[PDB]
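Heads up, the thing below is written out as structure tokens.
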Amino acid sequence: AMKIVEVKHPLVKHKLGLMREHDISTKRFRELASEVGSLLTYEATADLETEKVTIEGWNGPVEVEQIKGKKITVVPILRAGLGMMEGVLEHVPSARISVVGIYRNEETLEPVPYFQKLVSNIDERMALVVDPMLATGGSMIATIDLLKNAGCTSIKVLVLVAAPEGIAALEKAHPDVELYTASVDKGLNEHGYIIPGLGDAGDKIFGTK
Amino acid sequence: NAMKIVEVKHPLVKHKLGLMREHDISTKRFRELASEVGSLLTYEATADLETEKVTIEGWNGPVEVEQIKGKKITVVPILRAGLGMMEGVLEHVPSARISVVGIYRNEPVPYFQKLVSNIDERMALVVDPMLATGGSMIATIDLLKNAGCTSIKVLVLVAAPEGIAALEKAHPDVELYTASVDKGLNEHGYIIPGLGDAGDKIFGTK
Amino acid sequence: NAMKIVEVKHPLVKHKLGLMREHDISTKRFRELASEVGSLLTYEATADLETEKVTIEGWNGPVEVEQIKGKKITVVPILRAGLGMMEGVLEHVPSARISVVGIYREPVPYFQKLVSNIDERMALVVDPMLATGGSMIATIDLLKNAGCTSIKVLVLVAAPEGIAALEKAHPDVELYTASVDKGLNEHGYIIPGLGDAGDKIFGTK
Amino acid sequence: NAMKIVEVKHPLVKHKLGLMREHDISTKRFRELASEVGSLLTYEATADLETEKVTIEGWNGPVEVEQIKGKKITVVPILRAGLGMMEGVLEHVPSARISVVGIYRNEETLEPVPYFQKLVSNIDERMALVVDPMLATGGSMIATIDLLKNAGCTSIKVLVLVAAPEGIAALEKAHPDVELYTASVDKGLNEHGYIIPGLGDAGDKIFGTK
Ligand SMILES: OC[C@@]1(O)OC[C@@H](O)[C@@H](O)[C@@H]1O
Ligand SMILES: OC[C@@]1(O)OC[C@@H](O)[C@@H](O)[C@@H]1O
Ligand SMILES: OC[C@@]1(O)OC[C@@H](O)[C@@H](O)[C@@H]1O
Ligand SMILES: [Cl-]
Ligand SMILES: [Cl-]
Ligand SMILES: [Cl-]
Ligand SMILES: [Cl-]
Ligand SMILES: [Cl-]
Ligand SMILES: [Cl-]
Ligand SMILES: [Cl-]
Ligand SMILES: [Cl-]
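Chains as they are written, first to last, in the numbering used here: chain P, 1 to 209; chain Z, 1001 to 1206; chain S, 2001 to 2205; chain G, 3001 to 3210.
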């Protein structure tokens, strides 16, 4: 079974609620997207492996803990992904950024990957994939294909809202990934959008239509 | 009945705290890590906030969301070092009311105070980088209780057992959140291993 | 008319640009200076924005203030390096519409999401470097065809070959750069330049 | 020589200052705009910094870059309002030493009451950027500058959002060698010494007190 973690922290639910206002501004919506993305990053990095090391402290040698392994890689799915990347980099600013571009065909609801440039030695790195919505799951399944195809074994997915249909498709497609969502909504409408959902999060964050 | 202590053992909090122990660390990075670790302690101290269902107009019609109940939280930075963690705390609670407090170590007496209104109806997050003997923290809490506050949480980067014991005996209803419980104090009252003169390292004043 | 060029010689811009030239600079530092310099160029390029007076209620009664006239400007980041300066430009113009463009080359864009009514908006095309000006010219062609008639280019460094190409193809755009380097090497990189800005900002190799 | 005064007319500075004047503005956005307008005033005030050519190893060999000459600048925020602008100043000079100076105005006499000061060392070899949102009578700024000169500081720049003519005249008479950078020069002071149109009580708005 796929590891699913619905973050129920009061601040996460409060800020997610503000983003559901249909009259919210693009500015406010962008700040909240990055803010909630920052909190989901703290929930997803709670199981990182640490190692004890001795360093010269203010009053002589002292034992400190550092994150074991090579630097993490943040995988923002263009375009909506960038609206959450700043919140992630806040806790891991040395993270390697692997930009992946994917837009959805509103006619077929299938993913259309147009860009990718992953970091090197990704097989020795953990990937934090950030995308505000998990509706049918096509875009996330297409992203994980590129990562595993590149040799990445450790993958974590951070999303604001996720529909059961998208969680089911992702689980049968890649059950070894861990999903961290700020909410599990009811489902999808006849146009493939999540309900209650956040609407067209992508165009709402970039200010397009 | 006993004072609740929460030593945040999250991998990023332990890693960022360890970097602040570097003797060659710069004021720039020490000040940044102080805020970063401060925002993570605030997320831990706000996990028990009470929420309430409310209906608002969503992107697809009416939707029931949750909102934090009660008046806005008050951040209480202790001059001067406390101002160095204020940015990190206001990061997840930007509407928080800031109540600056200055304690003079003589028993200690406050020399400056500008508390928010109706503090008896708010939760107070007292922030200070270190809890050594607990003199300044205990004095700051005495002042908050006289004002009528009954819900208090203390956020500190490092804390010594002496300070923890002093705070527990003086205010057991307080809840302490620290990135580390150090070994003790030296003959000058500094925390060991500690972070040295945190205030001077944050502002860059010898 | 000759293309309007503005080389930002502000002490902080030249100081931060100098820090980015270090060969041992970290992705974190380089990425942070890219946005920092990006925000300063944005401020330098928005000094001519027209304003209109409006009456609001001040603390001591009504007061006449000024707001930015016309529709919100659009930031056009070129994939992929261009995204490394986007947060810097949004800092002082957080309401700006983001028009992502992907050029491959007439110029054939592989991906585009332009804002609506772009013919009634100013466009801040951002990209860390202007080596030959191929990508920048291709992007401006797409914006001009969409109806935009007010375009400004923001780059950290630019080679004389790129400035000349851009000036010939689009003399009505206005260029803002933190520096005008000597030229290009046998591989097209700007010299002294910043090297592979895209890889340094994201951490790829 | 008269005091060098600079009123920043940049459209974004005028627009952002105009938003801070709305009476129903929240504490959150008032604090954000105070810091942002503070970073734009920092850029304007650091346009005359002296630089020196230095050779460093670039990615494609040696290259001559420019660097700011002298020791690190000291930011001087006047508590409490001052902290609301300090973040915008540090954005451009993050290595700057912070010299905290605490002063509250005696609303009965309008005279400043200094209660705290912690100046950086070797301040006689540094430039000081004093930040405070309002320059009403100028008492707080004049008192702060007296502390800096007493410590041996010679180069001082003042960064304020709104300034009243009374405060500008009081500051020029007491310390004409300082440079004043303000986002606006208002009409004057009311009967209670507050700036009009001004920003009201900037200290309480930024901290959300009273
Ligand atoms: O499961 C969601 C969760 O991890 O979110 C953060 C905290 O509220 C936790 O108590 C809670 O269990
Ligand atoms: O990182 C996870 C965790 O330990 O820290 C955040 C809080 O919400 C806790 O409840 C949670 O268990
Ligand atoms: O104005 C009242 C005041 O001066 O009273 C004494 C101290 O508590 C000060 O902080 C406070 O401002
Ligand atoms: Cl170990
Ligand atoms: Cl070891
Ligand atoms: Cl290792
Ligand atoms: Cl929910
Ligand atoms: Cl009260
Ligand atoms: Cl520890
Ligand atoms: Cl159109
Ligand atoms: Cl060198």
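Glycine residues also receive a C-beta, built at the ideal position from the N, C-alpha and C atoms.
When DSSP labels each residue in this structure, what does residue i get in the three-state scheme?
{"i": "Z/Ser1099", "result": "coil"}
{"i": "S/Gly2038", "result": "helix"}
{"i": "P/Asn189", "result": "coil"}
{"i": "G/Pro3077", "result": "strand"}
{"i": "residue 212 of chain P", "result": "In the structure displayed, chain P extends from 1 to 209; residue 212 of chain P sits before or after that span and is not available."}
{"i": "S/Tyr2104", "result": "coil"}
{"i": "P/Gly207", "result": "coil"}
{"i": "S/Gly2088", "result": "helix"}
{"i": "Z/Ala1124", "result": "strand"}
{"i": "P/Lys27", "result": "helix"}
{"i": "S/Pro2011", "result": "helix"}
{"i": "residue 216 of chain P", "result": "Missing from the structure shown is residue 216 of chain P; chain P here goes from 1 to 209 and no further."}
{"i": "P/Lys3", "result": "strand"}
{"i": "G/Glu3050", "result": "coil"}
{"i": "P/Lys117", "result": "strand"}
Would you mind working out which of the options sits nearest residue i, comparing C-alpha positions?
{"i": "S/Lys2053", "options": "G/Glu3111, G/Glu3191, G/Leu3041 and G/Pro3011", "result": "G/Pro3011"}
{"i": "P/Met133", "options": "P/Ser25, P/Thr73 and P/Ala33", "result": "P/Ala33"}
{"i": "G/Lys3072", "options": "G/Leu3110, G/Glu3064, G/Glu3050 and G/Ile3206", "result": "G/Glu3050"}
{"i": "P/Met85", "options": "P/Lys148, P/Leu158, P/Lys13 and P/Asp176", "result": "P/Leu158"}
{"i": "P/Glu35", "options": "Z/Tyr1043, Z/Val1158, Z/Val1075 and Z/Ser1026", "result": "Z/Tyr1043"}
{"i": "S/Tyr2110", "options": "S/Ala2131, S/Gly2198, S/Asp2196 and S/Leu2142", "result": "S/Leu2142"}
{"i": "S/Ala2131", "options": "S/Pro2107, S/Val2157, S/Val2063 and S/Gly2018", "result": "S/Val2157"}
{"i": "residue 941 of chain Z", "options": "Z/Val1008, Z/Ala1147, Z/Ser1136 and Z/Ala1198", "result": "The structure shown does not extend to residue 941 of chain Z, since chain Z spans only 1001 to 1206, so no value can be given for it."}
{"i": "P/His91", "options": "Z/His1015, Z/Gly1199, Z/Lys1183 and Z/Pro1172", "result": "Z/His1015"}
{"i": "Z/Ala1160", "options": "Z/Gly1148, Z/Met1123 and Z/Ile1192", "result": "Z/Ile1192"}
{"i": "G/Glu3108", "options": "G/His3192, G/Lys3205 and G/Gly3203", "result": "G/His3192"}
{"i": "P/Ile205", "options": "S/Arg2031, S/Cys2148, S/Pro2094 and S/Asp2172", "result": "S/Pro2094"}
{"i": "Z/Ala1124", "options": "Z/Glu1175, Z/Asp1182, Z/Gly1148 and Z/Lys1153", "result": "Z/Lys1153"}
{"i": "S/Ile2056", "options": "G/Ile3123, G/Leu3017, G/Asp3204 and G/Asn3122", "result": "G/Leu3017"}
{"i": "Z/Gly1148", "options": "Z/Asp1128, Z/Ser1117, Z/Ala1170 and Z/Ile1164", "result": "Z/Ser1117"}
{"i": "residue 2960 of chain G", "options": "G/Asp3177, G/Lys3187 and G/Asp3024", "result": "Residue 2960 of chain G lies beyond the stretch modelled for chain G, which goes from 3001 to 3210, so this question has no answer here."}
{"i": "P/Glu178", "options": "P/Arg30, P/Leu18 and P/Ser154", "result": "P/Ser154"}
{"i": "S/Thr2204", "options": "S/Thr2027, S/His2023, S/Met2003 and S/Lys2004", "result": "S/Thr2027"}
{"i": "residue 280 of chain P", "options": "P/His22, P/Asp123, P/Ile67 and P/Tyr180", "result": "With chain P running from 1 to 209 in the structure shown, residue 280 of chain P is simply not present."}
{"i": "Z/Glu1064", "options": "P/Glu124, P/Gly69 and P/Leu18", "result": "P/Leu18"}
{"i": "Z/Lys1069", "options": "Z/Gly1058, Z/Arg1029 and Z/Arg1122", "result": "Z/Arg1122"}
{"i": "Z/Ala1198", "options": "P/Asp23, P/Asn59, P/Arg28 and P/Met2", "result": "P/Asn59"}
{"i": "S/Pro2107", "options": "S/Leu2041, S/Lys2144 and S/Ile2098", "result": "S/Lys2144"}
What whole-angstrom Cβ distance do residue i and residue j have, given they're in contact under 8 Å?
{"i": "S/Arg2021", "j": "S/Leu2194", "result": "6 Å"}
{"i": "P/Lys117", "j": "P/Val129", "result": "15 Å between Cβ atoms; not a contact."}
{"i": "S/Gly2134", "j": "S/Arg2105", "result": "7 Å"}
{"i": "Z/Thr1074", "j": "Z/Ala1096", "result": "7 Å"}
{"i": "G/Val3076", "j": "G/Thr3144", "result": "7 Å"}
{"i": "P/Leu109", "j": "P/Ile141", "result": "Wrong, their Cβ atoms sit about 12 Å apart, outside the cutoff."}
{"i": "Z/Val1013", "j": "Z/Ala1179", "result": "5 Å"}
{"i": "S/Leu2079", "j": "S/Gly2102", "result": "4 Å"}
- Pocket of ligand 5 defined by Cβ to heavy atom distance under 6 Å: P/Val53 and P/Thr54
- If you scan the region 131–201 of chain P from start to end, which runs of the alpha helix (DSSP H) of 4 or more residues do you find wholly inside it? 138–150 and 164–173
- Task: Give me every residue whose Cβ sits closer than 7 Å to any heavy atom of ligand 6, in chain order.
- Result: P/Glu51, P/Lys68 and P/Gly69
- Item | Contact set, ligand 8 heavy atom to C-beta under 6 Å | Z/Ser1117 and Z/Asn1118
- Message: Using a strict less-than 5 Å threshold between each residue's beta carbon and the heavy atoms of ligand 1, what residues do you get?
- Response: P/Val7, P/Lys8, P/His9 and Z/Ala1047
- Which residues have a Cβ closer than 6 Å to any heavy atom of ligand 3, listed in chain order? Z/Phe1112, Z/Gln1113, Z/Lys1114 and G/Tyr3104
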